[PDB]
Amino acid sequence: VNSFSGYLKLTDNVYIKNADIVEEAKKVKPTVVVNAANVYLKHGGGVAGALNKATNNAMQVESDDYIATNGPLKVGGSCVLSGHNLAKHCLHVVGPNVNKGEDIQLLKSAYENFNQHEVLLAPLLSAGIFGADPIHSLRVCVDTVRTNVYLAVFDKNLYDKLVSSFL
Ligand SMILES: O=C1CC[C@@H](c2ccccc2)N1Nc1ncnc2[nH]c(Cl)cc12
């Protein structure tokens, strides 16, 4: 077993909790924490800003070196970097930002990256400041990810709505 606790099971492989992913990561120290990244790995706000702050900006320093070497990610893409003090690894995943004119169909591709990892602690991709409907996103997650995913949803009101209206 592992050190996750307090999660509501949604399917064979998807679990969910009303929690801050940053606090969940510090407590569990999972193998993989997912960051809700942008293509530039500029971790300004939301999950990305909060994770980076918890690493004392080390995530940003590492990310800037990654971009200087490799260039930007693709929308729907990902890269594996250090988890710093929060996890062994951080999987930086770019969901489409609907406010940036990006294809919502790329959300499925974004979640497909989770399948390369047996277990992950993750946020809902493209939710929050990325502008997509979190209910939709949960549906895409459940219908796309086959590995074991532990979702942290920080917003209590949304968690209650997602968990109660989940099909
Ligand atoms: O709860 C949700 C639902 C989707 C996403 C979101 C994206 C864009 C705008 C609002 C919300 N989100 N944020 C977080 N999820 C987990 N841990 C977190 N920690 C901190 Cl800080 C924030 C945070």
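So basically every Cβ, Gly included, is an ideal-geometry build from the backbone, and we count neighbours across all protein chains shown. Throughout, read-outs are computed from the coordinates displayed, never taken from laboratory work.
Considering the range 115-134 alone, what residues qualify as being away from the ligand (no atom under 15 Å from the Cβ) and either outside any strand (DSSP E or B) or of a type in the set (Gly, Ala, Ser) (or both)? I'd like the intermediate steps shown before the answer.
Residues of the range 115-134 away from the ligand (no atom under 15 Å from the Cβ): 115-119.
Of everything in the range 115-134, those that are away from the ligand (no atom under 15 Å from the Cβ) and either outside any strand (DSSP E or B) or of a type in the set (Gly, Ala, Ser) (or both) turn out to be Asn115, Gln116, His117, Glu118.
For the range 45-97, which residues satisfy the criterion of being within 15 Å of the ligand (Cβ to nearest atom), of a type in the set (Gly, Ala, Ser) and farther than 11 Å from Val33 by Cβ?
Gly45, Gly46, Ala48, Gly49, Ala50, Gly95
Could you go through the range 145-161 and let me know if any residue there is more than 7 Å from the ligand (Cβ to nearest atom), among the aliphatic types (A, V, I, L, M), in a helix (DSSP H, G or I) and within 22 Å of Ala37 (Cβ to Cβ).
No, that holds for no residue.
Yes/no matrix, rows are residues, columns are (1) among the charged types (D, E, K, R); (2) surrounded by fewer than 20 Cβ atoms within 10 Å (Cβ to Cβ):
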position	(1), (2)
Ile104	no, yes
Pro123	no, no
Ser126	no, no
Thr144	no, yes
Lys156	yes, yes
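Quick one: count up the residues across the range 52-87 that are closer than 17 Å to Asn113 by Cα and of a type outside the set (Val, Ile, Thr).
So the answer is 10.
Starting from the range 112-130, keep only residues that are in contact (Cβ under 8 Å) with a residue 24 or more places away in the chain and more than 16 Å from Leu51 (Cα to Cα), then list their pairs with residues that are more than 16 Å from the ligand (Cβ to nearest atom) and among the charged types (D, E, K, R) whose Cβ atoms are within a distance under 7 Å, requiring at least 6 positions of separation or different chains.
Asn115/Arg146
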